[PDB]
Each structure stands twice: as structure tokens, then as C-alpha cells.
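**Student:** this one's structure only:
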RNA sequence: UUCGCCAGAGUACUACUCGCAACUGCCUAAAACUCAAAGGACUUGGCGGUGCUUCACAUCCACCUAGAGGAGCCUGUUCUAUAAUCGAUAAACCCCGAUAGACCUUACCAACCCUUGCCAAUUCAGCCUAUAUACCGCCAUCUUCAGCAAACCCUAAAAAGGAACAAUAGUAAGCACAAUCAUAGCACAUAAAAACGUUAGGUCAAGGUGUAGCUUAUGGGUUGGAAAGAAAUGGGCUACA
Ligand SMILES: [Mg+2]
Ligand SMILES: [Mg+2]
Ligand SMILES: [Mg+2]
Ligand SMILES: [Mg+2]
Ligand SMILES: [Mg+2]
Ligand SMILES: [Mg+2]
Ligand SMILES: [Mg+2]
Ligand SMILES: [Mg+2]
Ligand SMILES: [Mg+2]
Ligand SMILES: [Mg+2]
Ligand SMILES: [Mg+2]
Ligand SMILES: [Mg+2]
Ligand SMILES: [Mg+2]
Ligand SMILES: [Mg+2]
Ligand SMILES: [Mg+2]
Ligand SMILES: [Mg+2]
Ligand SMILES: [Mg+2]
Ligand SMILES: [Mg+2]
Ligand SMILES: [Mg+2]
Ligand SMILES: [Mg+2]
Ligand SMILES: [Mg+2]
Ligand SMILES: [Mg+2]
Ligand SMILES: [Mg+2]
Ligand SMILES: [Mg+2]
Ligand SMILES: [Mg+2]
Ligand SMILES: [Mg+2]
Ligand SMILES: [Mg+2]
Ligand SMILES: [Mg+2]
Ligand SMILES: [Mg+2]
Ligand SMILES: [Mg+2]
């Protein structure tokens, strides 16, 4: 709240500024952006101009952090990506010439595909009608869908692992499972979809 | 209005016509009374709530040297004088109504307040006006630009002659001794 | 509702002085302190020894000048000598004013073992700042 | 133990408890007295219980041209001074315990009919010294406010008059009784009626008026019949200047409506001069005592018509069973012919 | 109250002469700023509200504008709009409408004669002209005003300005115009300095969360950062702390083209990195042209961080976390 | 111009009569006894599980995070138990008076001593005796709600209300809000402020106190003790990895 309503959100993209002359529709916005005497917020410490960082990676690291220990969560991402990489490399080196053209070695792509596979399509909202709560199926927003996909995996890896099992190793298992659509988070998703299909007839209770 | 029956000549296909015989008979007394107050150093105020000619009313009043009120009439203007205008003020000795009705088509505040404060009121009353409280009513037309300009010019010259003849009367008073 | 050092608003006829018209949350903002000394500083001492004398001076002057005290005392403390600035109504004759000022300037000095100055400012009446 | 003492103002503020939490809504008034005494009333500064005489406070500075030293009164002189300061307290208590009395208007514990004094002068400088006012009605009206609940406003209906025929009435309402009295006095002058009084003692003609729900019948009365009217109409007519009148009120006896109807009827009178003007005929009074003598009261100024009025063999008048009973002597009620006090 | 103000005038003048005598300055050259300094020295009242300080100004500055006498000794008011409540406001409105009608008649005659010699003077954007607020109209028209009446007056001024303007009415409207300052928020660029046989030298200051940082930048050296006498890798073992350091350099493509020494005091591990980031951004302005400074400030490198720790409040836990509130 | 009714309310579209194809019925229709009221319309608050618009920004849901209620400990209450304080005890009490209990603190109790007994004096001192439902001083609450309110004016009477901006009776000092000030540059934010009143809200035990009560005692000193938890609960700390 220390930032007033006049303060606007900063822009981190370098390519946005490096080529101003190639377009006029976007040329017409940034000159007014600074000619309107508009103040700009300070850039957050978590977001930088790195080419190796992803907003999805940063969000998933933020969601794992317990308390305020950010370095521990950053580490846990380090070993999670490293373990996914090394397990995929061990699988890479044990196959025949045909499978190396299909097996992916990129942890970022594997993580993004796992999140897309874990992303639900429809959600449920409790609606009170006649003194009882009915689970009405409702379309979810993109941010809600991705938040559910992320939270389901984090919750599953937090509780359904053995005490000797470490978080990066368990997450490396479930990432490869969710990439191929064989993980328990996919089962949770399909459970929500089935419970929405069973109450499809109750969707008329929604008024929006 | 129910009280305009004696002040009308008849009805020309729905539109009522005001006879000008009693209009002129009333206007003679109206102008005489207006001129006498100005002659005897009286405050004369033109009250008129009509958003078409208000500028003309302030121009006429400024040329006459009298006062005007054509804007929104406040509540305790004439009654609560020691508060709205100043600690001790002089109430207007005569009120001229060019439009007895406001924009709501209700009787004006000043016609009631002048009767409350015993202030003479001379007024141009239309067929929808109420002349019961106006001391000197003149049945006429207040919506025609020529009619209102005629009335404004008549009341301008009535004040001008009164003031000038007061000045020559004082000039002869000085030569009396 | 806060009620400390606050005179409540009447129907609109009470005369209130500048000191009483301001709530305690205005001290050092709109009005100043009635007493000045060094004991309330950071690395200084002997605050209570001066505070007890301050309270005793308030009460003693209130009793010494009965009904003619306009505002509260201003107690200045500067190099072993304490000055008392008072606002007094012109109810007593100057002969009785001069008896009491000379009485206090020696009684207080002999009771506190320190020089005491007494300065009186005579006002025709209590000066009113807010509504009256 | 000296630092435990406070200021006399703070002591009294707690002693009287004028700002108590129970006295706000109205739970108080059980012991309806709040007296605060100033202890510094007759306290000379220099005097003390030891009887010391100080040259600056008690005794003058110089005597016989020489300076006075500190003295002390003798035991008996100090006792004489003590007796004086004690007897001052009995004198002040004698002044305090006596109540200044007040004229009763209609009863010993009502505000109706009491004198309130001349009203306050106007802003331009007009002073109403000949005017007199009397309280007609007092009422503790209550309103329902969200926070305080019962809001008590004293409302008074008050009429003013000078005795020369000009009188009026108005209502003043305020939180305080004194403020309501002042408001009524200052607002009654602005609404003044003029009452046409025939020969300055009685009304011109009998008036039978019908107000909202109050019927008033007033009959013209002789010189020897002084104000046998209602107890409020008598006060109003005493303020107006009417000395001889008889009035009977029937139906509702509401004070506000009674005053409004009385003033409306007294203002709607018809003068003999206006009757002569409107009928173009001479107004001739036939006194019972003066026999058949044609006493002329008003002359029809202007054109005097020679055509006489249609003589009605049988008059079509609006009679009343009350006055018919009075004329036929059937009024056997014991409440009509009693002996009452004078005006 | 006119005579009271007149006496205050002479009292203020004699006080000004005596104040000049006290200070020993020339009373002829003694001005209001000198009065302010003299009062601030003689009467050093330490109060947080500046209006409570002792002030000695001109009586027409201290006292508000007083209404003049509205009527003569015969009782007749001077102005013809006295009985309207607001004689000054309604006179202003009447004059504005009279000039509007005059302009309308003149333009009608010019159009009848087929003469178009007027121009559009309504657009005063390069001057930064604005309309008077209710306070600026209330200091002119001494009597109190209303918001709706002020809006009516402004809307009438717009109608007047939307018509072909002559000579006098433009000047009449110009007194109801206020000029704004340049809201240009461009920063001051520190000039490139040369110190002791060293080229491409500059300095920067940053502060974030009680951490003060000074950065000394050389544009002629290789890419390295020396923090408090030790290397940046040793001082910031965390990857994010070094990402903060690379954030200003990578944006301007000056990674290996500048040699920098950072000295930071206070704060924690990330507060020092943020302060060094801000100082480095403020220092790299000199080595770049103007079009990239705006890109950088729009990326957020040149704006400080006012996100500071809030003070704990009594009765609460962490200045927001309240105690366990039991309903029953 | 007429006809039929109306004499406080409850008793009472009742009992007893007459008449009637009606036999749990219809019409006419009292009295004993009880009260000083019973009634009609209206003004303003308050309320509405009436209805319609704009909302909730830590706030109701939709939704996010960390916890309580489960265990141990600390501590505060309600209960039993003792010779053994008191007050708070719905939001607005429960690590609250108390930023603080071995004697002191301590006002509680049991044993013992002194009674013009702190002060210059006082048929005087002294009382933590009762009344917070007499108070002042200090606060909680609605409450980051905006209203309160002196002097006036108006209403075909007035309990009360007072507004139409192309304006239809409203001016209005002042207290609030707002503004300003502090967190040492602005902005934001925080802090602070929040009037009149509601809860007869808390405090005679910070201190003084009106009233009613003690004076070889309900006053003043010394010593020793003020446990313990069958059990219930509130708030925190430690964790359950
Ligand atoms: Mg008309
Ligand atoms: Mg009696
Ligand atoms: Mg009666
Ligand atoms: Mg915390
Ligand atoms: Mg009966
Ligand atoms: Mg029936
Ligand atoms: Mg029956
Ligand atoms: Mg919540
Ligand atoms: Mg915990
Ligand atoms: Mg537990
Ligand atoms: Mg207890
Ligand atoms: Mg209790
Ligand atoms: Mg409670
Ligand atoms: Mg003991
Ligand atoms: Mg103990
Ligand atoms: Mg005791
Ligand atoms: Mg209480
Ligand atoms: Mg407001
Ligand atoms: Mg009213
Ligand atoms: Mg006001
Ligand atoms: Mg500041
Ligand atoms: Mg602000
Ligand atoms: Mg606060
Ligand atoms: Mg404020
Ligand atoms: Mg209570
Ligand atoms: Mg209690
Ligand atoms: Mg006590
Ligand atoms: Mg007690
Ligand atoms: Mg417990
Ligand atoms: Mg707590």
C-alpha cells in the first residue's frame, strides 16, 4: 500500500524496448507512458531480466516456500530440476536409436507439459439452494486452473511420500508421471471431472 | 386560473384573450404607484424568475438605478433580513413582478413574503397567475418578447421621469430660499 | 472516548482559553509545554526531584493567588534559579500584589534553597480564544 | 498528604454530580435540588485563624507616618471577628433559604395566565413597553430520537397585547423553558391582529364561529357585565382591551384551536360603518334604557338610498337551542347563576 | 473593522522599524524574508505545526478579506444585485453573459458581412492553462460560493471560449486562468567525471530497507564487482543476490564493460543486494544515452523502494495480526 | 322533507323471553361483576425471515495462507477444598487491574499489643466500610458512522418537517469529519484523531469524594500462614518430523 494509485507496473522485457522502430501501434503507447508523468513501481527482487528464469518456475517456487525461507525453496527447485535432468539422462542412455528421438531431456519443457496435463478443465462451486449445498460445475479461469494444477502436485508430494523420501526426488518422480499422464494428480483431476459430469444437471443453479 | 375570470375578454378557440381595457386601467395606476415610490426615495426591486430574459431584467434595473432579483430566491431573504443580507438593512419598498410564476409553475416566494412584510407589490399576471396577493396587478402577457420589452421600457421610463423630476423639484427647493 | 486533559463542549457559551481548547495530542504540535527543565532530557537525571517541586509550585501558587489566576503557571528552570511566569487578573490592588510577590520570592527561595524569580502579567480578564 | 488535594471546582463537580450518567435519560429528579456554594465569597485574603495582622493585606501600610510591623489580634478581638464571619453565614443562608414568590395566573401550580413581562425590543430599536403578555399553554412535548430516546422539548402558546385593540399569539418551542418563553415573546409580536371594539368595551355584534372542532359563541354584553368568559378568553380579551363580554365554548377545548378561532372571529367582525357603507342605510341604535330614542352610531357616507330594506314579517335567522333555552327561562342548571369573583 | 486594520497597519510599520533597529540591518532594505528570519531567531518556538509559530506579516496577509460597506447612510445599497445574496458572483455571471451576447451579436454581423478575422484561442495546452478552483474563486469573490454555482460559471466560461474571440473578452477570461508547472519527471544526469588519471568514472547512491549503498563505477575496466573489499561471489553466495546484481548490467548490455566497487552498510542479505541494484542503476545513467534511461526507469531500476517494515501497534501481534478474538 | 340507529369499554354476534319447516340454528336482546379508561387518525424513531438499486476488500460467499479445539508445559478463569482478599466476568472478561505475590507489596486470616494514636492545633485523627444505581478524574463500545448543535425564518398548526441546481424555504457561528501535524525530501501508507449520545458498561481498591455507617474498633503495629486439584475452559510456548 506504500505505492500510490499513480504508480504503474514495470516492464522487464528487454526486447520490448530494444526494437521501437519496427512498429507504430506499439510506438504510440510508450511515449505517452512517460509523457503523462506517470510513476513506475520498483522492480521486485524475485523478478529479473534473466533469460533462464520462468514466471511459472518462480510461482511454483513461491508456492513451496514455508514461512519466509526463500533460499530453501530455490534450492529445492535446483535439486528438483537437476534430478529430473539426471533421471531423464539415465533413461536416455539405456534406450535404442529410435527412442532417443522421442525422449525429452529438457526439464523446463517437461515441467510445463506436466502442468498443462495436470490443468483441470472445469471446476466445482458449492451453491446453497433450498438450505443445502450443491456442487455446481463452473468453468474456471486460466489462473485458477493453473493454480489448482500447481497446488495439487505440491500437496500430493508433501503428504503422500515416505519420510526417507526427499522432496526433489519425489517431485522428480511425479513430474515424469504427470508428463505421461500416469500420475495421481491426473487421477485427482479426472475425479473432479467425473464429479462435475455427475452433477452436470445441477449446472442450472448458477446465475453467472 | 379561477381568479382571472373578470380580467379576460373571452376565449379564441381554446386560447383565452385578455381584454386590454382593464389592462390599461390597471397599468395607469401601476405606473403611477411605481413612479411615486421612486419620487419619494423608495427602494424598488424587480423580482422575476424566468430563464429567458433575466439578462434583460438586470440591464433594465441597472439603467433605472433600482435593484433586481432574477436568480434563485433564497428562503429567508425578505423575512430573515437581519441574517441573510446584513445586520441592519432596508427592506425594498416596492416589488415589481415580471413573472409571478417560477420554473415549477408555482406562485413565487416573494409575492408571499411581500404580503407578509407589508411590502407593496405590482405585478404582471398572466392567465395562470394568482392576483389575490399582488397589491397592483396588471393582466397581461409575460411570455412574449415584445410584451415583456414593452413592460420593461414602460417601467424604465416611469422610474427615469420620477427621479429626474425629483431632481428639478429639489433644484427649485434650493432657489426657494 | 478519550477524556484526558479535555474540556467538554457545551451548548456554545462557555469561554475556553487556548491551553484548554487543545487536546493533549496537540502538545509540541500546536501548544507548548508549561514547564521547561533539563531532567526530561536523554542523558540527564533528577527528573522526579524537579517534578515534585513543579507540582508543589502549581498548588502553592494556586492557593496564594485565589481566584485571580488566569492561566496555568509557566515554570522556567535556568541555572539554579527558577522563574515563575504567571497571568493574573487585576482583582487585587497593587499594594497587595507587591506584598505577595515579595513574600513568595523569599519563602520559595528559603524552601527550595535556590533563587526564585516571580513575574506577573496583569490581564483585564480571562482571554478567550474559542467560542464564548 | 498535601499532594492528594484538588481544586474546589473539581470537588464540586463530583459533589453535585450534575453530569451523572443516571441523570441523562431522566432517572434522576427524585431529589430535585442542586446548590453549589462558593467558599471564597466573604473570604478576605489576609485574615487567618491565628488572627495575624499583615501590613500588606489586612491593615494599611502606614500609620501616624511610621511603618507598621506584624501584629496579632487579641483573644477577644479575634473572637469578635469570628462571630462576625459566622453571622455572615447565617445572613447568607437566610437569603438563600427564602423563595422569591410569583403571581398565579389560573391555579397555584400552572403556567397559564401568569405575567411574563414586556417582550424584548426589535433589531431596529422599537421597544414594546405598553405591550403585555400572558402564558396561555405550556406542554412538555416528547420526541423519539434514535440514540437519546425521549427528547424533551418545552412548548408554550403565548399571546401578547397592549390594551388598545392590537393583540396576537404565537408558539415558542425549545429544549429549555426559559428559551421557549423568550422565543414565544419575540415571535408573538410579529403576528398582531387588530380587534374592532365597539365603544372600546364590547364587540360590535354577536359572533358564532366554527373552528376545526371548537365552537365559540360570543354575545355582545352591556357595560355592567364584565368578562364572564372562559378562563383563557378572559385573559386574551384583557390583553386586547375588551372589558365587557360573554363567551361560551363547546366541543373541543384545545387551547391552540381556541385561541386561533377566537382571533379569527374577533378579526372577522363587521363595523357599523362598514354595514352602513355596504347597505347605504343609516345605522340607528335603540338603547333599552334610553327608551325609543333613535341613537345614531354610524352614518352611510356616500350615496344614501331612499329605497327601504325589505321588512321580513318572519325572520329566517339561524337560531340556537342554547339561546332559546336561555331566553325561555328553562336554564335550571345550578352552574349558570353562580356568584364568581370580579375581573 | 476598517479602522482596526488601519491601526494594525501603523503598528506593523513601527514594529518593522523597531525590528530593523534590533537586528542592526537597514530598515529600507529590510524585507519580509528578513522579518521571517528575525522572528525565527528571536522567538525560537519548536512546534511541528508551522502556523503555530510566531508570525509577523502584513495585516492584509494575516486577516481575511473583509466585506465592504454594502449600503450608504440613507439605507440604499450600492450594487444593484445586493438583494440576490451573492452580489459579486451574480455580477460576474451577469457580466459574462453580457459579453457572451456582445460576442454573439458581433459575430452575427461579421458573418452577415462575410468577414472571418478571428482565430481559435481556446487551446492553451503548451502553456498549461487551467481553470480556477473554488478556493481561487472564493479569494476573489469574498463571499462564500457553492459547488453548483462554480460549475455553472465554469460551464459559461467554456461557452465563451468556444466562440470567436476578440480583444477584450480574451483578456477578461485570461484572469480566470492559472498556469501549471512542468510535470516533467526527467531525472538529473550526473556528468561523467575524471579523477586522478582515470577515465569513465561515475558514482551512485542507493537505499532500500535500511541499507545504504555507494557504487563507484569505471567504464574503462573489465566486468567485475568488488563489494566491501571482497568479491561479489563471496559477498553474495545466494544466486538471487547475484541475479539482482546482474539485473542493471544485463538490461544495458554492460556486463563485461564496467568495473565496479560497491560499499553497502545495514540491512540483511537481500536488502544490501537491492540497495546495490538501485545505486548501480542510478550510477549507470552517465555511460548511456537518454533514450535508455527512460527504458530503465520504466523497467523499475531508477525508482526507490518505499516498502519498509511497519511499526507494531499496541494490542496486536505483527502490526496486522490481531489477538485471538473470542466472541463469547 | 323523511325513515332506521347511536348514551364509556369488557362482559356480549352472551343468558333469559317471543317468533321461525330452522332442535349444535336464525332475529330481538340484557344483568351481576371488573377498569378508568376503551377507541379513530397522525409525527418521529426502531424493526421487518417485504421488495428494489449500489456494495462488503481481510470480507459474507465464491477463494489463498498460517493457527485454535487433539498432546505436554506456562498462565488466567469457573468449580470443589481451606482460618484465608477484591474487582472484570456477551461482542467491549479470561498473561484482565498486575510493564508482575517468600516477609514487604497485601487491602485476607489466626495469634498477640496500642487506643486524641503521621500533622502546629482541632468533642480530633484514622477506615482498601457500603453505594460505580450519586461522582469527578480515566477508558471500552457503535466508531474511520457522520452527525450533533446555539441564534433565526417558513408551514391554511407546527407531534414535527424544511430538499429539487434548467433549484419548489431555507441562512447558519461552533463541535465533528475533512484539512493539517508525526514516522525529519514528496506521494501512498501507518500512527494519531473521531463530536452529541447508547450500554444506569468498567473503576469508591490510582487519587479526592456526596450520602449512610465504625471510634479501647469496620482504627493502628509485630509474628506465622494464605494450601491442594475431583473436574471443565480461554490465551500462548514446544513439537508431532
Ligand atoms: Mg405566462
Ligand atoms: Mg398550590
Ligand atoms: Mg376536556
Ligand atoms: Mg508474526
Ligand atoms: Mg354497557
Ligand atoms: Mg352470526
Ligand atoms: Mg344467539
Ligand atoms: Mg476473516
Ligand atoms: Mg503453533
Ligand atoms: Mg490443546
Ligand atoms: Mg479472584
Ligand atoms: Mg464480582
Ligand atoms: Mg459487557
Ligand atoms: Mg505479614
Ligand atoms: Mg504476604
Ligand atoms: Mg482495614
Ligand atoms: Mg456506570
Ligand atoms: Mg455533513
Ligand atoms: Mg422545526
Ligand atoms: Mg453550521
Ligand atoms: Mg512530510
Ligand atoms: Mg492522506
Ligand atoms: Mg487509532
Ligand atoms: Mg482528521
Ligand atoms: Mg452497572
Ligand atoms: Mg461492577
Ligand atoms: Mg475512597
Ligand atoms: Mg469496595
Ligand atoms: Mg489450564
Ligand atoms: Mg490476551
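**Tutor:** The structure has been received and is ready for your questions. Numbers count the residues shown, from 1 in each chain, chains lettered A, B, ... in the order given. Ligands and ions are numbered 1, 2, ... in the order given.
**Student:** mind listing what the residue of the stretch 201-328 of chain E found nearest chain B touches?
**Tutor:** The nearest approach of the stretch 201-328 of chain E to chain B comes at residue E:313, 48.1 Å away (C-beta to the nearest C-beta). All C-beta atoms are positioned from the backbone trio N, CA, C, and that covers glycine. Taking C-beta atoms under 8 Å, 6 or more residues apart in numbering or on different chains, we find residue E:313 in contact with residue E:319.
**Student:** For residue E:127, see how far away the residue most central in space within chain E is.
**Tutor:** In chain E, the residue lying closest to the centroid (C-alpha atoms, centre = their mean) is residue E:181, at 8.0 Å. Counting by C-beta to C-beta, to the nearest Å, the separation of residue E:181 from residue E:127 is 12 Å.
**Student:** Then residue E:140?
**Tutor:** Distance of residue E:140 to residue E:127, computed by C-beta to C-beta: 21 Å.
**Student:** neighbour count winner among the two?
**Tutor:** The residue with more neighbours, out of residue E:140 and residue E:127, is residue E:140; 15 against 10, by other C-beta atoms under 10 Å in any protein chain shown.
**Student:** so what's that one closest to, chain neighbours aside?
**Tutor:** Spatially, and ignoring its direct neighbours in sequence, residue E:140 is nearest to residue E:132 (7.8 Å; C-beta to C-beta, 6 or more residues apart in numbering or on different chains).
**Student:** which parts of chain B sit against chain E?
**Tutor:** B:41, B:43, B:45, B:55, B:58-59, B:61-62, B:65-69, B:71, B:74, B:77, B:84-86, B:89-90, B:92 (C-beta under 8 Å from any C-beta of the partner chain).
**Student:** Next: chain A.
**Tutor:** Chain A comes close to chain E at residues A:2-3, A:10-12, A:14, A:17, A:30, A:33-34, A:37, A:39-43, A:45-46, A:48-50, A:53, A:70-71, A:74, as judged by C-beta under 8 Å from any C-beta.
**Student:** now the helices for the stretch 101-250 of chain E?
**Tutor:** Taking DSSP state H, counting those that start in this stretch, the helices of the stretch 101-250 of chain E run over residues E:134-140, E:147-161, E:168-174, E:232-235, E:239-251.
**Student:** Would you map the strands across chain B?
**Tutor:** For chain B, the strands defined by DSSP state E occupy B:10-12, B:15-17, B:44-48, B:67-69, B:94-99, B:121-125, B:136-139.
**Student:** does any bit of the last one sit next to ligand 1?
**Tutor:** In other words, strand B:136-139. No. Using C-beta under 5 Å from the ion, strand B:136-139 stays clear of ligand 1, with a minimum separation of 10.9 Å.
**Student:** Confirm that the residue of the stretch 201-328 of chain E closest to chain B sits in a helix.
**Tutor:** No. Note on residue E:313: no helix contains this position according to DSSP: H, G, I helix; E, B strand; the rest coil, which reports coil.
**Student:** Pick out the residue of chain D closest to chain B.
**Tutor:** For chain D and chain B, the shortest gap (C-beta to the nearest C-beta) falls at residue D:123, measuring 5.1 Å.
**Student:** And that residue, which helix or strand is it part of?
**Tutor:** For residue D:123, there is no host helix or strand (DSSP states H and E).
**Student:** wait, what's in contact with it?
**Tutor:** Neighbour list for residue D:123: B:82, B:87-88 [criterion: C-beta under 8 Å, 6+ apart].
**Student:** Spatially nearest residue to the residue in chain B positioned nearest to chain A, not counting backbone neighbours?
**Tutor:** Closest to chain A within chain B is residue B:72: 37.8 Å, counting by C-beta to the nearest C-beta. In space, and not counting its chain neighbours, residue B:72 is closest to residue B:49: 7.9 Å by C-beta to C-beta, 6+ apart.
**Student:** Test my guess that the one you found contacts residue B:102.
**Tutor:** Yes. Using C-beta atoms under 8 Å, residue B:49 makes contact with residue B:102 at a distance of 4.2 Å.
**Student:** Quickly list what's touching both of the two.
**Tutor:** Listed as contacting both residue B:49 and residue B:102 by C-beta under 8 Å, 6+ apart are B:73, B:108.
**Student:** out of those two, which sits in the busier spot?
**Tutor:** Per other C-beta under 10 Å, whichever of residue B:49 and residue B:102 has more neighbours is residue B:49, with 22 against 17.
**Student:** For chain D, see how far away that one is.
**Tutor:** Separation of residue B:49 from chain D (C-beta to the nearest C-beta, to the nearest Å): 26 Å.
**Student:** Please apply the same query to residue E:68.
**Tutor:** In terms of C-beta to the nearest C-beta, residue E:68 sits 22 Å off from chain D.
**Student:** Is stretch E:308-315 positioned near RNA strand F?
**Tutor:** Yes. With C-beta under 7 Å from any atom of the strand as the measure, stretch E:308-315 is seen reaching RNA strand F through E:310-311, E:313-314.
**Student:** Would you map the helices across the stretch 101-250 of chain D?
**Tutor:** Secondary structure of the stretch 101-250 of chain D (DSSP H, counting those that start in this stretch): helices at D:177-188, D:231-240.
**Student:** ignore the last one, chain B
**Tutor:** Assigned by DSSP state H, chain B shows helices spanning B:20-39, B:54-64, B:81-84, B:109-116, B:145-175.
**Student:** Would you mind finding the most buried of the helices of the stretch 101-250 of chain D?
**Tutor:** Among those, helix D:231-240 has the highest mean neighbour count (mean count of other C-beta atoms under 10 Å in any protein chain shown), at a mean of 22.
**Student:** how far does that helix sit from the chain's center?
**Tutor:** The chain centre lies 11 Å from the centre of helix D:231-240; the measure is C-alpha atoms, centre = their mean, to the nearest Å.
**Student:** That helix near RNA strand F anywhere?
**Tutor:** No. Against RNA strand F, helix D:231-240 shows no contacts by C-beta under 7 Å from any atom of the strand, the least distance being 14.4 Å.
**Student:** Outside of that helix itself, list whatever touches it.
**Tutor:** D:105-106, D:112-113, D:132-134, D:136, D:159-163, D:165, D:167, D:169, D:195, D:197, D:216, D:227, D:229, D:245, D:247, D:249, D:255, D:258-259, D:262-263, D:266, D:343.
**Student:** Over to stretch D:272-289?
**Tutor:** Identification of contacts with stretch D:272-289 by C-beta under 8 Å, 6+ apart yields D:198, D:204, D:292-305, D:308-309.
**Student:** which parts of it are buried?
**Tutor:** Using 16 or more other C-beta atoms under 10 Å in any protein chain shown as the test for burial, stretch D:272-289 gives D:272-273, D:275-277, D:281, D:283.
**Student:** Quote the end-to-end distance of that stretch.
**Tutor:** For stretch D:272-289, the separation between the terminal residues is 21 Å (C-alpha to C-alpha, to the nearest Å).
**Student:** Can you tell me the centre-most residue of chain B?
**Tutor:** Most central in chain B under C-alpha atoms, centre = their mean is residue B:96, positioned 1.4 Å from the mean C-alpha point.
**Student:** okay but that one is in contact with residue B:156, surely?
**Tutor:** No. The criterion here is C-beta under 8 Å, and residue B:96 misses it with residue B:156 at 11.0 Å.
**Student:** Test of understanding: give the bridge partners of the residue most central in space within chain D.
**Tutor:** What sits nearest the mean C-alpha location of chain D, by C-alpha atoms, centre = their mean, is residue D:134, with 2.6 Å. As for beta bridges, residue D:134 partners with residue D:115, residue D:159 under DSSP bridges.
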